[PDB]
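Chains as they are written, first to last, in PDB author numbering: chain CE, 21 to 201; chain CL, 2 to 144; chain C4, 1 to 61; chain CQ, 1 to 117.
Beta carbons: idealized from backbone N, C-alpha and C, even for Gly.
One structure is given below, encoded as structure tokens.
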RNA sequence: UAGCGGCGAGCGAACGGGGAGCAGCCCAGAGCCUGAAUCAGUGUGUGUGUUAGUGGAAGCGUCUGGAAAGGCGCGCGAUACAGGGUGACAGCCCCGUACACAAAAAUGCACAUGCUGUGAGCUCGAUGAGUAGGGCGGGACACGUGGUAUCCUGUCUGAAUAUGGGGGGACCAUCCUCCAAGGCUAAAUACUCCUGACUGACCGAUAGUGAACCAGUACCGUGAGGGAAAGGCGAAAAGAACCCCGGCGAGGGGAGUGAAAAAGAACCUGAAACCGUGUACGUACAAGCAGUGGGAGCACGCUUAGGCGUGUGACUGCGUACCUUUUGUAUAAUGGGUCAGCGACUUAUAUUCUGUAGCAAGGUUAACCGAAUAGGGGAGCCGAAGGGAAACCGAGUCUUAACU
RNA sequence: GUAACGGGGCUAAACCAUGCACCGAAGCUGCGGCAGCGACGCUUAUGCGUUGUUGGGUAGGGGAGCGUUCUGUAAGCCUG
RNA sequence: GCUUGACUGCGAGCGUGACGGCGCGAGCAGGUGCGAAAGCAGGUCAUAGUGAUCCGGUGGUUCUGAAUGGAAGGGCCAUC
Ligand SMILES: [Mg+2]
Ligand SMILES: [Mg+2]
Ligand SMILES: [Mg+2]
Ligand SMILES: [Mg+2]
Ligand SMILES: [Mg+2]
Ligand SMILES: [Mg+2]
Ligand SMILES: [Mg+2]
Ligand SMILES: [Mg+2]
Ligand SMILES: [Mg+2]
Ligand SMILES: [Mg+2]
Ligand SMILES: [Mg+2]
Ligand SMILES: [Mg+2]
Ligand SMILES: [Mg+2]
Ligand SMILES: [Mg+2]
Ligand SMILES: [Mg+2]
Ligand SMILES: [Mg+2]
Ligand SMILES: [Mg+2]
Ligand SMILES: [Mg+2]
Ligand SMILES: [Mg+2]
Ligand SMILES: [Mg+2]
Ligand SMILES: [Mg+2]
Ligand SMILES: [Mg+2]
Ligand SMILES: [Mg+2]
Ligand SMILES: [Mg+2]
Ligand SMILES: [Mg+2]
Ligand SMILES: [Mg+2]
Ligand SMILES: [Mg+2]
Ligand SMILES: [Mg+2]
Ligand SMILES: [Mg+2]
Ligand SMILES: [Mg+2]
Ligand SMILES: [Mg+2]
Ligand SMILES: [Mg+2]
Ligand SMILES: [Mg+2]
Ligand SMILES: [Mg+2]
Ligand SMILES: [Mg+2]
Ligand SMILES: [Mg+2]
Ligand SMILES: [Mg+2]
Ligand SMILES: [Mg+2]
């Protein structure tokens, strides 16, 4: 299907904001530890007006509007998500960045064997997806930075973009096309 | 391709940053103007405050009541009446086709949209043209 | 925090089809004998909310 | 995130003080005073770019009137003579001529006389 | 939402539904057979976790450089390319990380077991009285005495016992349901003084706790209490032997370490205010927001060698700072001694409007389950039909006996 | 402290009436450029050729940008 | 002299107020009075003679009635 750039943009921004966690806070003039004493009398002196050491205008005060642990989780519509994935795979095919084979596994947990197989396939920064998940296949590409191995259910459009080519199990293609419908 | 994305133009709007310079237009006072209760920290009237003058929600009479019966009646169009899982229309199966709801005890079959299929209708109140439409497809009034 | 309802406005008003609200006339609970039947017959039905007041009703909802 | 202001503030202050080199005292040294005098210098610049034209035109007219009275005529009758002789030479060039080559100016005066009478 | 309310401001349910967790029992009592499940105490074994730990892969050469992890050429390991440190940026130098293992001793927990207690199951019957109600006064139920159900009672009273009692929002009748005036109950729920591991579009010495540093210290106050400031030599002290001046000083010039001393202990970088020294130009008959415009002279830097460039500014036209509040300010109305740092329309959930994206008479889920942004879950909300206070009707509805 | 033309100063440099010149502002025109709004054709406001027009501005409304910190692109690029 | 039009339900349209409101009104249906009839009468020749809402009083009621039938209450119409 033709490419909907603004839709895909909205979806990937939502996914990154979902990756973001809300761990920050500061202290207000309620939470700065101190006293409610007026530092000096309202009148009599030639100094400024004074009410509390805790105000942000004073040194060692609060922040004027302190931060709270806020959830950045956006809401993604299911049809918008699925249309973004349909468009993103169609654009992968149009960029010729997608290869489909029947079988892709190796029967030993060795990154040496995996790297030799990727050299034999002429592959550098790729994305592996499976029908069902193999022990040794996942173990052989955990330690490889440019390669992620996943189940066909656990997909994200951001890693569908980020890796230079995507290779797919044919059973995974069947599961994806069933899962999109 | 990840660094090649711009959204739809005019979707992300810039936003107002007040009190941060003359050339913005929102320099001194930032859209709030000079002195006044409106020119204060949380200086705000309530809803419908017309000064001391007695407002429109307060100088008029209050009237009416709530039936506690209309809230548990509802209304049924003609298009829906086809999603009743088979072709019978009851207090049930509309409740189970999720058009009316659980607490509903009474119902009416108002003419709205084309009706297509023969439908047996059981135990409702039925309007004039919609009765004739249900009979035009082949249905029948039945208590 | 959902918006609190102005309950007086909810009692004195109800919404029509094209977004207008309806209201009931004043001058109808007491003194009526020195008034005219023509005036009270004008006052007895309900009417629509005027132009400048819709903000001060919708804010109350 | 928290943003600090030192580098950009130093850049703006340094730019204004660069524009305010050669001023007297706090006018050269202090932002709160230099920032005023640079804006006032902008005002006076915006004014005097106009006022150059008035001041140079009255300089030119002074020199033309002087040389015309040397050659025996007034400025008013001289300009009227040029307009009736259909002469479109302006006061900049006439002033430069009346300084350098007197005889050309004298001939222009004689043409204005012949166009006048 | 329905309700409460000087029916003002504000307070704000219940029914019913969708989910995590689900678990039931004993006394007011005597017989009959009697440890028969339960838990409570005491131990044993097993599993698993805590309190120390063990092993743990594979790199060289050249070049710049004070120093190699960097550059170039060639290799190897990887269930470890998480992270940290080593003279700059390291998978292969070190500690670790993935994986694989470990307990004489005290423990947490979960099973099974043995020892002591209590009590299983069946018949017959027993079914919590100054209590339920009621008058006065207050409080809670979202419900301010309101027509106000229901609970609690400080004072005064005061029933019935399965043919009986209570509730169904004043109350009466019918009907429906329940059995109060005795007790126990795991889980799912709320919190982090403390311990381990990990994450951060959180901060980076005026920030972040008050405190990166001998902080609740110095200091103020009788006391309660208040309450700061102050981080960085260098990679390694190799922290400056020795000579000279000076007062056996403080401080300095050489030597010297070092890549660097203008990194010499006030120590990385070293801005600005402020204060000096040197050079160039102007100023000692000339008045005022000190500039701007024109412009003579002087001194340097360029050359196509005409003068374009900089520094200075004799003389001259014009010319009363900025903010704020104002009808209006040079105003003698306010504010500012100056620099540097900090400092003021943000946040969450609702509503509406615009723009944009999706879907489309449909749109969309929330809480929850979940190899946890996927997918289930459509309980619910909004919209397509309104009118009328309402029963009620419906492309019509309301008023009216009735409308063209 | 002159102090009742701004001054010097004037028997016209004052006053009444007439004519022709001239000066005089950021107004008007000439040149060169920027932007907005139209109106035009190739073509789709991507633009190009004109041509008309507008462009003082507080509170205030709208539209478009720069610069700083942090995250992804970034085991990539620059750097003893 | 005769009489109850100082009747009811409506209102094309207009005016005047920011708004609540206030005022003028031909004409329709019913049903009256006066005149023989054409016709007139929705109070006074007009412009002032007034009080919002809430709260509660009284009368009427094709409304509602917290399990059902009633009732208390709430609404609507008239009015204090
Ligand atoms: Mg105090
Ligand atoms: Mg601090
Ligand atoms: Mg602070
Ligand atoms: Mg403005
Ligand atoms: Mg102000
Ligand atoms: Mg004012
Ligand atoms: Mg104001
Ligand atoms: Mg539903
Ligand atoms: Mg409308
Ligand atoms: Mg009334
Ligand atoms: Mg300087
Ligand atoms: Mg070891
Ligand atoms: Mg190792
Ligand atoms: Mg270094
Ligand atoms: Mg009992
Ligand atoms: Mg009582
Ligand atoms: Mg610092
Ligand atoms: Mg010494
Ligand atoms: Mg120092
Ligand atoms: Mg230093
Ligand atoms: Mg002199
Ligand atoms: Mg002057
Ligand atoms: Mg200011
Ligand atoms: Mg003042
Ligand atoms: Mg003003
Ligand atoms: Mg002035
Ligand atoms: Mg002064
Ligand atoms: Mg002043
Ligand atoms: Mg002052
Ligand atoms: Mg400053
Ligand atoms: Mg979901
Ligand atoms: Mg002229
Ligand atoms: Mg001019
Ligand atoms: Mg002009
Ligand atoms: Mg032009
Ligand atoms: Mg403008
Ligand atoms: Mg009644
Ligand atoms: Mg009830």
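Sort the options by Cα distance to residue i and report the nearest one.
| i | options | result |
| --- | --- | --- |
| residue 176 (chain CE) | 189 (chain CE), 106 (chain CE), 90 (chain CE) | 106 (chain CE) |
| residue 111 (chain CL) | 79 (chain CL), 28 (chain CL), 48 (chain CL), 29 (chain CL) | 79 (chain CL) |
| residue 31 (chain CE) | 191 (chain CE), 181 (chain CE), 186 (chain CE) | 181 (chain CE) |
| residue 63 (chain CQ) | 95 (chain CQ), 6 (chain CQ), 13 (chain CQ), 112 (chain CQ) | 95 (chain CQ) |
| residue 45 (chain CL) | 33 (chain CL), 56 (chain CL), 54 (chain CL) | 33 (chain CL) |
| residue 51 (chain CL) | 19 (chain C4), 46 (chain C4), 56 (chain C4) | 56 (chain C4) |
| residue 88 (chain CQ) | 25 (chain CQ), 20 (chain CQ), 30 (chain CQ), 112 (chain CQ) | 112 (chain CQ) |
| residue 105 (chain CL) | 86 (chain CL), 71 (chain CL), 87 (chain CL), 39 (chain CL) | 71 (chain CL) |
| residue 56 (chain CE) | 132 (chain CE), 129 (chain CE), 81 (chain CE) | 81 (chain CE) |
| residue 110 (chain CQ) | 6 (chain CQ), 19 (chain CQ), 93 (chain CQ), 78 (chain CQ) | 78 (chain CQ) |
| residue 103 (chain CE) | 114 (chain CE), 29 (chain CE), 62 (chain CE) | 29 (chain CE) |
| residue 100 (chain CE) | 179 (chain CE), 23 (chain CE), 189 (chain CE), 194 (chain CE) | 23 (chain CE) |
Are the beta-carbon atoms belonging to residue i and residue j less than 8 angstroms from one another?
| i | j | result |
| --- | --- | --- |
| residue 124 (chain CL) | residue 92 (chain CL) | yes |
| residue 107 (chain CL) | residue 74 (chain CL) | yes |
| residue 6 (chain CL) | residue 25 (chain CE) | yes |
| residue 37 (chain CQ) | residue 23 (chain CQ) | yes |
| residue 17 (chain CQ) | residue 1 (chain CQ) | no |
| residue 160 (chain CE) | residue 134 (chain CE) | yes |
| residue 184 (chain CE) | residue 140 (chain CE) | no |
| residue 163 (chain CE) | residue 126 (chain CE) | no |
| residue 84 (chain CQ) | residue 116 (chain CQ) | yes |
| residue 90 (chain CL) | residue 117 (chain CL) | no |
| residue 71 (chain CQ) | residue 100 (chain CQ) | no |
| residue 116 (chain CE) | residue 148 (chain CE) | no |
| residue 109 (chain CL) | residue 77 (chain CL) | yes |
| residue 75 (chain CE) | residue 60 (chain CE) | no |
| residue 187 (chain CE) | residue 108 (chain CE) | no |
| residue 49 (chain CL) | residue 59 (chain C4) | yes |
| residue 107 (chain CQ) | residue 67 (chain CQ) | no |
| residue 96 (chain CE) | residue 34 (chain CE) | yes |
| residue 87 (chain CL) | residue 119 (chain CL) | no |
With distances taken from each beta carbon to the nearest heavy atom of ligand 1, which residues come in below 7 angstroms, in chain order?
Here the list is 56 (chain CE), 57 (chain CE).
Stretch-stretch touch, CB-based, cutoff 8 angstroms, three pairs: the region 61-69 of chain CL with the region 22-35 of chain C4:
The region 61-69 of chain CL vs the region 22-35 of chain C4: in contact.
Inter-stretch contact (C-beta, 8 angstroms, three-pair minimum) for the region 119-139 of chain CL and the region 73-87 of chain CL
The region 119-139 of chain CL vs the region 73-87 of chain CL: in contact.
Using the beta-carbon of each residue, find all residues closer than 6 angstroms to any heavy atom of ligand 10 and list them in chain order.
This criterion selects 28 (chain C4), 29 (chain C4).
Start-end ranges of the alpha helix (DSSP H) lying completely within the region 53-89 of chain CE, minimum 4 residues
Runs of the alpha helix (DSSP H) inside the region 53-89 of chain CE: none found.
Three-pair Cβ contact test at 8 angstroms for the region 28-42 of chain CL versus the region 8-20 of chain CL:
Taking one beta carbon from each stretch, the region 28-42 of chain CL and the region 8-20 of chain CL have 3 or more pairs nearer than 8 angstroms; the two touch.
May I have a chain-ordered list of the alpha helix (DSSP H) segments no shorter than 4 residues that lie completely inside the region 57-107 of chain CQ?
Counting only runs of 4 or more, we get 75-84, 91-100.
Fully enclosed by the region 2-40 of chain CQ, which alpha helix (DSSP H) runs are 4 residues long or longer?
With a minimum length of 4 residues, the unbroken runs of alpha helix (DSSP H) contained wholly in the region 2-40 of chain CQ fall at 6-19, 26-29.
Is the region 85-102 of chain CE in contact with the region 38-56 of chain CE, if contact means three or more CB pairs nearer than 8 angstroms?
Contact holds: three or more Cβ-Cβ distances are below 8 angstroms.
4 or more residues per run - each alpha helix (DSSP H) lying fully within the region 48-105 of chain CL
Correct list: empty.
Measuring from each Cβ to the nearest heavy atom of ligand 9, keep the ones under 6 angstroms and list them in chain order.
Going by the Cβ distance cut-off, the answer is 18 (chain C4), 19 (chain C4), 20 (chain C4).
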